[PDB]
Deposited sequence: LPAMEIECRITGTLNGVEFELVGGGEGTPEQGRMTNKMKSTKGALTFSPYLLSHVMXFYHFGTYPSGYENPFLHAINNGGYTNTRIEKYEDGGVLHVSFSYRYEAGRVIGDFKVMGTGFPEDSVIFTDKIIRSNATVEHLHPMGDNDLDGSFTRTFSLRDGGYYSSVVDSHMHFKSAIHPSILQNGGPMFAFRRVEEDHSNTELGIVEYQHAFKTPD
């Protein structure tokens, strides 16, 4: 395994939040865990909104391809910035930065959430889980990948709440050549198992990349 340390700080419609935590993961298994505690009270919004913010290092890649997030550990790393747009008009801006120790990844992530209306499902208990996603990944030259995915939550209703996520991963050194020399996209299937309250949050996440299913 590898050890994970995680801190998440930001504001949602102006309200400050912070979570602190960690877990473990096993990249050859594409599995990781992260359990985290709010250090400033009950969160003011559904904690399910943060499962996807609580480490692409832990994803399996298909035979022939190296996880370029993993491969970046010993060569200056990478950052990821996501703009997320929710169907009710709210916007989540997320920055991900990482530090590595022999045997550990530490992430420091910043969130800025603005524009969720007062009647937003994020201010209810309506969200019962985050659903699986497949991200489309392709290079933009040798140091950058561009990501896009749709992402939904299941509501008590039946019924779904949706968003669109666009991401930009900037790499210090050249992306692993298996990724660059590929010439079509790579797809990243992700799902979470979430066990949340309003002040303690936990995920198990599975990440499996593929060219074809």
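- In this chain the deposited sequence has gaps in the coordinates at 1 to 2, 57, 217, listed in sequence order.
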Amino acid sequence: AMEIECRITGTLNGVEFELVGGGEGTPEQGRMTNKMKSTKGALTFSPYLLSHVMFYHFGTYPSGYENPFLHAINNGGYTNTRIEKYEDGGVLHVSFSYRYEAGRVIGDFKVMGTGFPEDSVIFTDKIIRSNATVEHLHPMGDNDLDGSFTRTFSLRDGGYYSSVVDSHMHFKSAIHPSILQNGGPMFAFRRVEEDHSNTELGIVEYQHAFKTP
From here on, numbers count along this sequence of modelled residues.
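- Mean CA temperature factor is higher for 39 to 47 when stretches 39 to 47 and 55 to 63 are set side by side in the entry.
- The deposited model assigns a higher average Cα B-factor to 103 to 111 than to the other stretch when 103 to 111 and 129 to 137 are compared.
- Comparing the listed residues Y160, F149, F187, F69, the entry records the largest Cα B-factor for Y160.
- Compared with the other modelled residues of the chain, the Cα B-factor recorded for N75 ranks in the highest third.
- The PDB entry assigns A209 a C-alpha temperature factor belonging to the lowest third of its chain's modelled residues.
- Among the modelled residues of the chain, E84 sits in the lowest third by CA temperature factor in this PDB entry.
- Split the chain's modelled residues into thirds by C-alpha temperature factor. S178 is in the middle one.
- When the modelled residues of the chain are ordered by their C-alpha B factor, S95 lands in the middle third.
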